[PDB]
């Protein structure tokens, strides 16, 4: 019901502005323990010999690796994605060139997506980068995904109650609330802002006075847009385990420069990255997945901020395997 002190507090603004993080030490410790399960990098191996483009039959993304390097990637992918089932989660055990199991074809696309994040979206992931583990955390289905309607629990490894299930209509408002940090905002910010690039998050004027021609009647955006933006911000705050002041001086949410932190610009790039992942890599996978993986509108599961971040301002507290697995990007 309450959280016992001490609280951990940081400062993100000029003294006297009450800007900063507010953290519960036991909560931070528990997330650190969970994130520390990240398997360590595999031992380095032989860099010389022919490329597997020559050695194997059906290697389309990782063709420039040596055999030892390529089998190291396969070992790593297995631990990160399908450790309980092993190689045969994706492979026909009698023919490793076979693409007959749906996870194989998905994993090839995922290799391309991972390389794209680490190559094309350094404005977000920097030199920390992502691996399969960042999202998957040891299971074929990542624990935090989104459909085109809100779903509970947020962590799909938990069993839902009857009222949490998406088919139970009476539970809708709670499904929405638990995605916007318990607010009553009547908007799903995943489908509005993160599934694609159709909407503008910004709602605040950049002039003192109302501009003639955009400020009256149907010229205007409805006030609903401002509630939806607040819902997205509530959801992002909770996804990172943080508050508005990590990114903004609330004096003026719409101002950059001294009124925004460096982390806000990183967040902006994160929105763009997530939209690219969803539109171009994840949504098209509905054609490759079984019916049982799809939502009620035939959609594949997609990513939001929580998919990687899982309640921390940096996924896995900034742990990295980038230099350990150069084949996941950045690709030259």
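Numbering follows the first chain given and starts at 1.
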Relative C-alpha B-factor of residue 258, binned into the chain's lowest, middle or highest third: highest
Third of the chain's Cα B-factor distribution that residue 213 belongs to, per the entry: highest
Chain thirds of CA B-factor: placement of residue 309: lowest
Ranked C-alpha temperature factor of residue 18 among modelled chain residues, by third: lowest
For residue 12, the third of its chain into which the C-alpha B factor falls: middle
